[PDB]
Amino acid sequence: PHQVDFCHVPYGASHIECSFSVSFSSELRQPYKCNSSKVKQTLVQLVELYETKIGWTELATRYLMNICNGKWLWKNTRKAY
Amino acid sequence: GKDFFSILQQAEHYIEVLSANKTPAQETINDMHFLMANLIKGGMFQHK
Amino acid sequence: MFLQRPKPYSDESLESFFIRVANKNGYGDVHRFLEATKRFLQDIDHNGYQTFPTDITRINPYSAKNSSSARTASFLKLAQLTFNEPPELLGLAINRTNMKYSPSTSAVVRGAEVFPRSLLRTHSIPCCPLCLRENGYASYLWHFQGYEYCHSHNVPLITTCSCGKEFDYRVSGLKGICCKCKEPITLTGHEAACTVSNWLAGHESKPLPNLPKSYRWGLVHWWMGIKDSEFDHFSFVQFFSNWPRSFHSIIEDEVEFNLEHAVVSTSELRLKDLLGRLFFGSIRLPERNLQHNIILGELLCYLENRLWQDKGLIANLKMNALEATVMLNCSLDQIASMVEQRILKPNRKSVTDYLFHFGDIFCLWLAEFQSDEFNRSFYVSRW
Amino acid sequence: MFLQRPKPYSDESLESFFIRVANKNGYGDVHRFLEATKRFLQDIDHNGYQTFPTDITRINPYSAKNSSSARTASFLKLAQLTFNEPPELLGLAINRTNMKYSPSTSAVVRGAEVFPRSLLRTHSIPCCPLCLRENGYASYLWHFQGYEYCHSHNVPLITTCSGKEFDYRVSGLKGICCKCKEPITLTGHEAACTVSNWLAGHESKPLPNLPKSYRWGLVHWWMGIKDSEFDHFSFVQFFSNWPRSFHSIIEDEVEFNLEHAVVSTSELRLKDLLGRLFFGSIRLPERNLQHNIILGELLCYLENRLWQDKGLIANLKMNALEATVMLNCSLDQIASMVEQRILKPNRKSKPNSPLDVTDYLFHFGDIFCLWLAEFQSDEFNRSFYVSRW
Ligand SMILES: [Zn+2]
Ligand SMILES: [Zn+2]
């Protein structure tokens, strides 16, 4: 009962859609918990000063690149037209 | 010294390194990029 | 894909090769070609899938850590799967090597020639702008901290222009245009270094020996070993101007000073004390091939002739077992097996304690460890 | 006492040198000569005071067991304390070497050239009586099982006369018999003459122009292929069409061990498929790929066919104790390479890395590539074979 599975594209299938939904959100601005506010300040200020000095464009770009090229389609693009 | 909790131990240092009017080194902004991405991933940075 | 290679040169840096194969087939900038080859290694399944480099500064396998195997696999595949006729693409790659240079320093090999890591130009690699414009490729020698003049033009290598306050072909494009201002880059003890740089390439120079171009860099690194830093070519060429004389004077002067300035008396004097830096700073260069490692050759010749001069002061120099394992390539295991078999004479009965002399170990190397090239007959029939 | 040497020949046995220096100065017999030098080192302080041999046959320090160091010391002491001009004495002494040949066989160095012990003629060394009488010295080559023809005279080396066992160490370098007093006047030849000539540093164009040390490696290797019985015609024919003959041999061996492989391909190892050839050519005298021509061609062949049939050669199972010999390093250095993940241990040893050095764990292709970077040493270099025929 090892039950190995096999998912292959059906015969006449023209192509294959892969849908998902990714949500970016500003939940990194404030730590979800800090039992010591003294460290919460040095992280919210860390985030603020990061954003001011080196803007979000690098992390945002490196995320949106993985979104916009097929990289979430992990191996399903090795043999794709 | 390039894990997460090590470069978090130096967050106070990074605050003043950014706060200077001069631009910081490339390696230190790489460290802070990794630190920010590790916050974006979120998680539990605790020691019980 | 399918590419055609341009007029392959022998002494042409790998990055230079990728530049002149990118800008030959279909690509505008070489970076695009690196992404193209990465996509290629995606298409055909591979392991360079992940770690194949897209920045040109880090193509040579010595750049990747724990991925050099994959990058050489990648170059192998590229060489026989992507060209009309196969190029010698892997021979140009500067990759690591297992062999060291004498004092605890690693080495990188390219083609058939292994360089010390001590002089590799981790950054800011110069160029011969003229040679760039004529030949159209970047010679590999520019990467090493000995080659300070173009052996073909006797010009100092331009490391920084006026338009480009620091320049390198890895971003330039094998053409004379600076980073900021688009214009020809060509600007500009000269001979005391030109001969050294010409001899660093496979060539001959009157004062310097005709060693293999792997042992020339060994000589250079050893010289920087004596001259605590600051490799200058003039002292080098004059030191090889009187070759059997200067080095003999050096070992005499170092050896005599050690014997007076020694703080402990003669019988317990050790050989890392007397002849400490020369002996172990020459023992492994490219390798102890006594025919090529001219330094260890001369040192062993001088020591053998004076082995018994003053109470055998040389011969009865205490060297620890671990130094015998260096004097003759061996394991502490094997010298242990030798001394319990009664091959060696551990003067006091009963392992890293100094219990053996130099003479009994030198004759031991003569008897039971004289290798093919680590061989006595190479230096005895010398000057 | 004070001695002088006649016409020092470089290609001469140590015993022959001692003979022609014993007869030259004051000694009618060599035994008295060696005895005299033993006493000369007796009154001198030395450690050869004890173990110095008086038998001529056992002077070469490879015969000296546990005492070669003292005898080499004695040889130097004589070379600078007993002659008008320093004699090339230690240069002719065939002695032990730490280095080995391909399957577990020790080696003997003479001068610059190292030979496999397996072909040493432990006894009954022949002679070229024409060469002996004409020259007056016995070359070292007469000691080795390869030199059975004289490269100088095209005459086969004689061992026994009609003197039923002739030996130069017991004759005295003259044409005289053992049980009779007369000269020694007596005597696929052509296939053997080329080999025996090429065995001394020379040129026999069907044979490669390798260093004379790797030539004996070639001969020992050929003895390895045909389990024994080194005969010269097979050698010269195998090297007649050299870029073709060894290719055919390795092709046929890989095809045979593939066809009759008792294992599937995904588990097919390198030890069985292509086992005797590779691990039998990896260190003929040492793995210099410019000289070690057979390892060079085997590696060229394997590289040119690394990925031929879905990685047949490439995915060949290799054990740590085979990685340590394909590319010089100790299994502890391999442990350091595999904890650094420079290696690819296709199977997971989850807890704390218990290094099993015997289980077939790596792929040959991924070890060939690991040799191509991280281990391409000075002469064990790829660029030596690729730019060949
Ligand atoms: Zn130039
Ligand atoms: Zn003869």
# chains A, B, ... in the order shown; residues from 1 in each chain; ligands from 1
$ interface_residues --of "chain A" --to "chain B" --cutoff "10 Å" --atoms "only C-alpha atoms" --output "short mmCIF file (atom, residue, chain, number, x, y, z; two decimals) with N, CA, C and O atoms, in the first residue's frame"
data_model
loop_
_atom_site.label_atom_id
_atom_site.label_comp_id
_atom_site.auth_asym_id
_atom_site.auth_seq_id
_atom_site.Cartn_x
_atom_site.Cartn_y
_atom_site.Cartn_z
N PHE A 24 0.69 40.75 -0.53
CA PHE A 24 1.71 41.47 0.20
C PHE A 24 1.01 42.37 1.20
O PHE A 24 -0.04 42.92 0.89
N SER A 25 1.59 42.52 2.38
CA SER A 25 0.93 43.29 3.42
C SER A 25 1.96 43.88 4.36
O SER A 25 3.07 43.37 4.50
N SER A 26 1.56 44.95 5.04
CA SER A 26 2.47 45.68 5.91
C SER A 26 2.40 45.14 7.33
O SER A 26 2.24 45.88 8.29
N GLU A 27 2.55 43.83 7.46
CA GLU A 27 2.51 43.20 8.80
C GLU A 27 3.93 43.18 9.38
O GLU A 27 4.09 42.73 10.52
N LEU A 28 4.92 43.64 8.61
CA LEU A 28 6.32 43.66 9.10
C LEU A 28 6.62 44.97 9.82
O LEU A 28 7.69 45.05 10.44
N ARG A 29 5.74 45.96 9.73
CA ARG A 29 6.00 47.27 10.39
C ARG A 29 6.07 47.11 11.91
O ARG A 29 7.02 47.62 12.50
N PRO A 31 6.17 44.34 15.25
CA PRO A 31 6.28 42.95 15.67
C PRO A 31 4.98 42.48 16.29
O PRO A 31 4.35 43.18 17.07
N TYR A 32 4.58 41.27 15.90
CA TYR A 32 3.32 40.73 16.39
C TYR A 32 3.38 40.49 17.89
O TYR A 32 2.34 40.43 18.55
N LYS A 33 4.57 40.37 18.45
CA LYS A 33 4.73 40.30 19.90
C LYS A 33 6.13 40.74 20.31
O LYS A 33 7.11 40.37 19.67
N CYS A 34 6.21 41.52 21.39
CA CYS A 34 7.48 41.84 22.03
C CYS A 34 7.19 42.03 23.51
O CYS A 34 6.75 43.11 23.92
N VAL A 39 12.83 46.37 22.91
CA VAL A 39 13.27 45.79 21.64
C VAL A 39 12.26 46.05 20.54
O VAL A 39 12.63 46.02 19.36
N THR A 42 13.43 49.27 18.78
CA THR A 42 14.60 49.16 17.93
C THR A 42 14.34 48.33 16.69
O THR A 42 15.19 48.30 15.80
N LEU A 43 13.21 47.65 16.59
CA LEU A 43 12.85 46.99 15.35
C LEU A 43 11.90 47.81 14.51
O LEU A 43 12.02 47.82 13.28
N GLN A 45 11.87 51.05 14.51
CA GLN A 45 12.78 52.06 14.00
C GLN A 45 13.75 51.46 12.98
O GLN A 45 14.12 52.14 12.02
N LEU A 46 14.16 50.21 13.18
CA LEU A 46 14.97 49.54 12.18
C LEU A 46 14.26 49.49 10.84
O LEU A 46 14.83 49.81 9.80
N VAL A 47 12.99 49.10 10.86
CA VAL A 47 12.22 49.03 9.62
C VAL A 47 12.07 50.41 9.01
O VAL A 47 12.23 50.59 7.80
N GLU A 48 11.75 51.41 9.83
CA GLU A 48 11.58 52.75 9.31
C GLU A 48 12.86 53.25 8.65
O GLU A 48 12.83 53.76 7.52
N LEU A 49 13.99 53.10 9.33
CA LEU A 49 15.24 53.62 8.79
C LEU A 49 15.70 52.83 7.58
O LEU A 49 16.28 53.40 6.65
N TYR A 50 15.45 51.52 7.55
CA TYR A 50 15.72 50.76 6.34
C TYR A 50 14.93 51.34 5.18
O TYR A 50 15.49 51.67 4.14
N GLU A 51 13.62 51.48 5.37
CA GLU A 51 12.77 51.96 4.29
C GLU A 51 13.20 53.34 3.81
O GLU A 51 13.20 53.62 2.61
N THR A 52 13.59 54.21 4.74
CA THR A 52 13.99 55.56 4.34
C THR A 52 15.32 55.53 3.60
O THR A 52 15.44 56.12 2.52
N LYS A 53 16.32 54.85 4.14
CA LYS A 53 17.65 54.90 3.56
C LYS A 53 17.72 54.10 2.26
O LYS A 53 17.98 54.66 1.19
N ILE A 54 17.50 52.80 2.34
CA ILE A 54 17.42 51.94 1.17
C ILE A 54 15.98 51.51 1.00
O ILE A 54 15.49 50.64 1.73
N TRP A 56 12.27 50.12 -0.37
CA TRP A 56 11.80 48.75 -0.51
C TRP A 56 12.04 48.17 -1.88
O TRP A 56 11.71 47.01 -2.09
N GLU A 58 14.35 46.88 -3.57
CA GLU A 58 15.13 45.68 -3.83
C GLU A 58 14.38 44.43 -3.39
O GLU A 58 14.25 43.47 -4.16
N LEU A 59 13.90 44.41 -2.15
CA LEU A 59 13.09 43.27 -1.72
C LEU A 59 11.83 43.14 -2.55
O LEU A 59 11.45 42.03 -2.93
N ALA A 60 11.16 44.25 -2.83
CA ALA A 60 9.96 44.19 -3.65
C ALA A 60 10.26 43.62 -5.02
O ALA A 60 9.51 42.79 -5.54
N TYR A 63 10.96 39.88 -4.89
CA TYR A 63 9.75 39.08 -4.69
C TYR A 63 8.93 39.03 -5.97
O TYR A 63 8.54 37.95 -6.43
#
$ residues_near_ligand --ligand "ligand 2" --cutoff "12 Å" --atoms "only C-alpha atoms and all ligand atoms" --output "PyMOL selection string"
chain D and resi 126-139+141-142+147-158+187+193+196-197
$ interface_residues --of "chain A" --to "chain C" --cutoff "10 Å" --atoms "only C-alpha atoms" --output "PyMOL selection string"
chain A and resi 77-80
$ residues_near_ligand --ligand "ligand 1" --cutoff "12 Å" --atoms "only C-alpha atoms and all ligand atoms" --output "PyMOL selection string"
chain C and resi 11-12+126-142+147-158+186+188+194+197-198
$ write_last_selection --atoms "N, CA, C and O atoms" --output "compact mmCIF listing (two decimals), in the first residue's frame"
# COMPACT_ATOMS: atom_id res chain seq x y z
N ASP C 11 46.62 31.47 -23.99
CA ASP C 11 46.69 32.24 -22.75
C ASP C 11 45.62 33.32 -22.82
O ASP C 11 45.89 34.48 -23.13
N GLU C 12 44.39 32.94 -22.51
CA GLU C 12 43.26 33.85 -22.58
C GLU C 12 42.32 33.55 -21.43
O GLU C 12 41.81 32.43 -21.31
N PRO C 126 44.18 44.45 -13.46
CA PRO C 126 44.66 45.42 -14.45
C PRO C 126 44.37 44.95 -15.86
O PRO C 126 43.63 43.99 -16.09
N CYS C 127 44.95 45.67 -16.81
CA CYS C 127 44.87 45.27 -18.21
C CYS C 127 45.97 45.95 -18.98
O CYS C 127 46.48 47.01 -18.60
N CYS C 128 46.36 45.32 -20.09
CA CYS C 128 47.23 45.97 -21.06
C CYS C 128 46.34 46.57 -22.13
O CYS C 128 45.94 45.86 -23.06
N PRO C 129 45.99 47.85 -22.04
CA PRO C 129 45.01 48.41 -22.98
C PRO C 129 45.40 48.22 -24.42
O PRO C 129 44.55 47.87 -25.26
N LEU C 130 46.68 48.40 -24.74
CA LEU C 130 47.15 48.11 -26.09
C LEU C 130 46.83 46.68 -26.47
O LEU C 130 46.14 46.45 -27.47
N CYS C 131 47.28 45.72 -25.67
CA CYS C 131 47.06 44.31 -25.99
C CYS C 131 45.58 44.01 -26.11
O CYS C 131 45.18 43.18 -26.94
N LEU C 132 44.75 44.68 -25.31
CA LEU C 132 43.31 44.57 -25.50
C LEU C 132 42.91 45.00 -26.90
O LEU C 132 42.15 44.30 -27.57
N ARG C 133 43.43 46.13 -27.35
CA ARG C 133 42.99 46.66 -28.64
C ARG C 133 43.52 45.83 -29.80
O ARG C 133 42.82 45.63 -30.80
N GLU C 134 44.75 45.33 -29.70
CA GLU C 134 45.28 44.55 -30.81
C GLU C 134 44.74 43.13 -30.79
O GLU C 134 44.06 42.71 -31.73
N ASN C 135 45.03 42.38 -29.73
CA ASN C 135 44.67 40.97 -29.72
C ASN C 135 43.17 40.78 -29.60
O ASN C 135 42.61 39.88 -30.24
N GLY C 136 42.50 41.60 -28.80
CA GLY C 136 41.08 41.45 -28.61
C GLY C 136 40.68 40.52 -27.49
O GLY C 136 39.49 40.22 -27.36
N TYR C 137 41.63 40.05 -26.69
CA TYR C 137 41.32 39.18 -25.57
C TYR C 137 42.13 39.61 -24.36
O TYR C 137 43.11 40.35 -24.48
N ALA C 138 41.74 39.11 -23.20
CA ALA C 138 42.44 39.40 -21.96
C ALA C 138 43.26 38.19 -21.55
O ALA C 138 42.71 37.12 -21.28
N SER C 139 44.58 38.36 -21.52
CA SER C 139 45.47 37.30 -21.08
C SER C 139 45.21 36.97 -19.62
O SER C 139 44.81 37.83 -18.83
N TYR C 140 45.44 35.72 -19.25
CA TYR C 140 45.16 35.32 -17.88
C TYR C 140 46.15 35.94 -16.92
O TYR C 140 45.81 36.20 -15.76
N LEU C 141 47.38 36.19 -17.37
CA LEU C 141 48.45 36.56 -16.44
C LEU C 141 48.13 37.84 -15.71
O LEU C 141 48.66 38.09 -14.62
N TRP C 142 47.24 38.66 -16.27
CA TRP C 142 46.90 39.93 -15.64
C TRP C 142 46.31 39.71 -14.26
O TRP C 142 46.26 40.64 -13.44
N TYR C 147 52.74 39.74 -12.47
CA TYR C 147 52.71 40.26 -13.83
C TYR C 147 52.34 41.73 -13.78
O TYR C 147 51.17 42.12 -13.85
N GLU C 148 53.36 42.57 -13.67
CA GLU C 148 53.16 44.01 -13.56
C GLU C 148 53.52 44.77 -14.82
O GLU C 148 53.29 45.98 -14.88
N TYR C 149 54.07 44.10 -15.83
CA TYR C 149 54.32 44.71 -17.13
C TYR C 149 53.94 43.71 -18.22
O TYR C 149 54.16 42.51 -18.08
N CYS C 150 53.39 44.22 -19.31
CA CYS C 150 53.03 43.36 -20.42
C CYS C 150 54.29 42.79 -21.05
O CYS C 150 55.10 43.53 -21.61
N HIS C 151 54.45 41.47 -20.95
CA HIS C 151 55.62 40.82 -21.52
C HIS C 151 55.75 41.05 -23.02
O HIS C 151 56.81 40.78 -23.59
N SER C 152 54.69 41.53 -23.67
CA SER C 152 54.75 41.79 -25.10
C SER C 152 54.98 43.25 -25.44
O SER C 152 55.53 43.54 -26.50
N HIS C 153 54.58 44.17 -24.56
CA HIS C 153 54.72 45.59 -24.83
C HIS C 153 55.58 46.32 -23.81
O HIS C 153 55.85 47.51 -24.01
N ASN C 154 56.01 45.66 -22.74
CA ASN C 154 56.91 46.25 -21.75
C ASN C 154 56.32 47.52 -21.15
O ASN C 154 57.03 48.44 -20.75
N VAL C 155 55.00 47.56 -21.09
CA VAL C 155 54.26 48.70 -20.55
C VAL C 155 53.67 48.27 -19.22
O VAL C 155 53.23 47.12 -19.08
N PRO C 156 53.66 49.13 -18.21
CA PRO C 156 52.93 48.80 -16.98
C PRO C 156 51.44 48.67 -17.26
O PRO C 156 50.87 49.43 -18.04
N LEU C 157 50.83 47.68 -16.63
CA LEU C 157 49.42 47.41 -16.87
C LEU C 157 48.56 48.53 -16.30
O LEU C 157 48.72 48.93 -15.15
N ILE C 158 47.63 49.03 -17.12
CA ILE C 158 46.73 50.09 -16.71
C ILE C 158 45.65 49.51 -15.81
O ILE C 158 44.77 48.78 -16.28
N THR C 186 43.59 54.02 -23.93
CA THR C 186 45.02 53.79 -24.11
C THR C 186 45.82 54.98 -23.60
O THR C 186 45.89 56.02 -24.25
N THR C 188 49.78 55.52 -21.78
CA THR C 188 51.05 54.90 -21.42
C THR C 188 51.08 53.44 -21.87
O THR C 188 50.46 53.08 -22.87
N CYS C 194 60.25 44.22 -16.28
CA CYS C 194 59.80 43.67 -17.55
C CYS C 194 60.35 42.27 -17.76
O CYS C 194 59.63 41.38 -18.24
N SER C 197 58.35 39.88 -15.54
CA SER C 197 57.01 39.60 -16.04
C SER C 197 57.06 38.75 -17.30
O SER C 197 56.19 37.90 -17.50
N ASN C 198 58.05 38.97 -18.15
CA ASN C 198 58.21 38.15 -19.33
C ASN C 198 58.57 36.72 -18.96
O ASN C 198 58.12 35.77 -19.61
$ residues_around --residues "stretch 262-267 of chain C" --least-positions-apart "3" --cutoff "9 Å" --atoms "only C-alpha atoms" --output "PyMOL selection string"
chain C and resi 257-259+270+273-274+313+316-318
$ atom_distance --atom1 "atom CA of residue D:298" --atom2 "atom CA of residue C:287"
25.1 Å
$ residues_around --residues "residue D:51" --least-positions-apart "4" --cutoff "9 Å" --atoms "only C-alpha atoms" --output "PyMOL selection string"
chain D and resi 47+64+67+70-71
$ closest_atom_pairs --of "stretch 290-334 of chain D" --to "stretch 366-389 of chain D" --cutoff "9 Å" --atoms "only C-alpha atoms" --output "Markdown table"
| residue | atom | partner | partner_atom | distance |
| --- | --- | --- | --- | --- |
| D:290 | CA | D:384 | CA | 5.3 |
| D:291 | CA | D:384 | CA | 9.0 |
| D:293 | CA | D:385 | CA | 8.2 |
| D:296 | CA | D:385 | CA | 5.4 |
| D:297 | CA | D:385 | CA | 6.8 |
| D:299 | CA | D:385 | CA | 8.0 |
| D:300 | CA | D:385 | CA | 6.4 |
| D:303 | CA | D:368 | CA | 8.2 |
| D:314 | CA | D:366 | CA | 7.3 |
| D:315 | CA | D:366 | CA | 8.1 |
| D:318 | CA | D:367 | CA | 8.3 |
| D:323 | CA | D:367 | CA | 7.0 |
| D:326 | CA | D:371 | CA | 8.1 |
| D:327 | CA | D:371 | CA | 6.2 |
| D:328 | CA | D:375 | CA | 7.7 |
| D:329 | CA | D:375 | CA | 8.9 |
$ write_last_selection --atoms "N, CA and C atoms" --output "tab-separated table (two decimals), in the first residue's frame"
chain	number	residue	atom	x	y	z
D	290	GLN	N	51.18	13.56	-17.88
D	290	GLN	CA	52.00	13.74	-19.07
D	290	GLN	C	52.79	12.48	-19.37
D	291	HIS	N	53.24	11.78	-18.33
D	291	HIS	CA	54.00	10.56	-18.48
D	291	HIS	C	53.13	9.32	-18.34
D	293	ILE	N	50.97	7.59	-19.36
D	293	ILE	CA	50.22	7.71	-20.60
D	293	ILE	C	48.94	6.90	-20.58
D	296	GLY	N	46.39	8.59	-18.56
D	296	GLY	CA	45.98	9.72	-19.38
D	296	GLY	C	44.95	9.34	-20.42
D	297	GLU	N	45.21	8.28	-21.18
D	297	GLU	CA	44.25	7.90	-22.20
D	297	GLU	C	42.98	7.34	-21.61
D	299	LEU	N	41.59	8.29	-18.83
D	299	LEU	CA	40.82	9.44	-18.39
D	299	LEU	C	40.28	10.23	-19.56
D	300	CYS	N	41.03	10.33	-20.65
D	300	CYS	CA	40.51	10.99	-21.84
D	300	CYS	C	39.31	10.24	-22.38
D	303	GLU	N	36.33	10.80	-19.99
D	303	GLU	CA	35.80	12.15	-20.09
D	303	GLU	C	35.03	12.35	-21.38
D	314	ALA	N	28.86	8.28	-16.21
D	314	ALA	CA	28.77	9.33	-15.21
D	314	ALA	C	28.16	8.83	-13.91
D	315	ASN	N	27.12	8.01	-13.97
D	315	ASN	CA	26.43	7.57	-12.76
D	315	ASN	C	26.98	6.25	-12.23
D	318	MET	N	30.78	4.93	-6.71
D	318	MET	CA	32.15	4.97	-6.24
D	318	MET	C	32.14	5.08	-4.72
D	323	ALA	N	37.41	7.13	-4.08
D	323	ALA	CA	37.66	8.55	-4.26
D	323	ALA	C	39.04	8.93	-3.75
D	326	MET	N	41.38	7.88	-6.64
D	326	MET	CA	41.21	8.56	-7.92
D	326	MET	C	41.76	9.97	-7.85
D	327	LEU	N	41.77	10.56	-6.67
D	327	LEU	CA	42.26	11.90	-6.45
D	327	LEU	C	42.85	11.97	-5.06
D	328	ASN	N	44.16	12.21	-5.00
D	328	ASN	CA	44.93	12.02	-3.77
D	328	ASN	C	44.32	12.81	-2.63
D	329	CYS	N	43.84	12.11	-1.61
D	329	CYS	CA	43.42	12.70	-0.36
D	329	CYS	C	43.08	11.57	0.60
$ decode --residues "stretch 25-39 of chain A" --atoms "N, CA, C and O atoms" --output "tab-separated table (two decimals), in the first residue's frame"
chain	number	residue	atom	x	y	z
A	25	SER	N	1.59	42.52	2.38
A	25	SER	CA	0.93	43.29	3.42
A	25	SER	C	1.96	43.88	4.36
A	25	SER	O	3.07	43.37	4.50
A	26	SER	N	1.56	44.95	5.04
A	26	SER	CA	2.47	45.68	5.91
A	26	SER	C	2.40	45.14	7.33
A	26	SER	O	2.24	45.88	8.29
A	27	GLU	N	2.55	43.83	7.46
A	27	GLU	CA	2.51	43.20	8.80
A	27	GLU	C	3.93	43.18	9.38
A	27	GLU	O	4.09	42.73	10.52
A	28	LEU	N	4.92	43.64	8.61
A	28	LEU	CA	6.32	43.66	9.10
A	28	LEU	C	6.62	44.97	9.82
A	28	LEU	O	7.69	45.05	10.44
A	29	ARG	N	5.74	45.96	9.73
A	29	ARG	CA	6.00	47.27	10.39
A	29	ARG	C	6.07	47.11	11.91
A	29	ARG	O	7.02	47.62	12.50
A	30	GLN	N	5.13	46.38	12.51
A	30	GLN	CA	5.14	46.22	13.99
A	30	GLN	C	5.24	44.74	14.36
A	30	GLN	O	4.41	43.96	13.87
A	31	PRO	N	6.17	44.34	15.25
A	31	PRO	CA	6.28	42.95	15.67
A	31	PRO	C	4.98	42.48	16.29
A	31	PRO	O	4.35	43.18	17.07
A	32	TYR	N	4.58	41.27	15.90
A	32	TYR	CA	3.32	40.73	16.39
A	32	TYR	C	3.38	40.49	17.89
A	32	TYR	O	2.34	40.43	18.55
A	33	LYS	N	4.57	40.37	18.45
A	33	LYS	CA	4.73	40.30	19.90
A	33	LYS	C	6.13	40.74	20.31
A	33	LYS	O	7.11	40.37	19.67
A	34	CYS	N	6.21	41.52	21.39
A	34	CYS	CA	7.48	41.84	22.03
A	34	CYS	C	7.19	42.03	23.51
A	34	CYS	O	6.75	43.11	23.92
A	35	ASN	N	7.46	41.01	24.32
A	35	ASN	CA	7.22	41.15	25.75
A	35	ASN	C	8.10	42.22	26.37
A	35	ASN	O	7.95	42.51	27.56
A	36	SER	N	9.03	42.79	25.61
A	36	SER	CA	9.84	43.91	26.04
A	36	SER	C	9.78	44.99	24.98
A	36	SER	O	10.38	44.85	23.92
A	37	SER	N	9.07	46.07	25.28
A	37	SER	CA	8.93	47.14	24.30
A	37	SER	C	10.27	47.73	23.89
A	37	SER	O	10.41	48.24	22.78
A	38	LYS	N	11.26	47.67	24.78
A	38	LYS	CA	12.57	48.23	24.47
A	38	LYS	C	13.15	47.63	23.20
A	38	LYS	O	13.87	48.31	22.47
A	39	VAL	N	12.83	46.37	22.91
A	39	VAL	CA	13.27	45.79	21.64
A	39	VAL	C	12.26	46.05	20.54
A	39	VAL	O	12.63	46.02	19.36
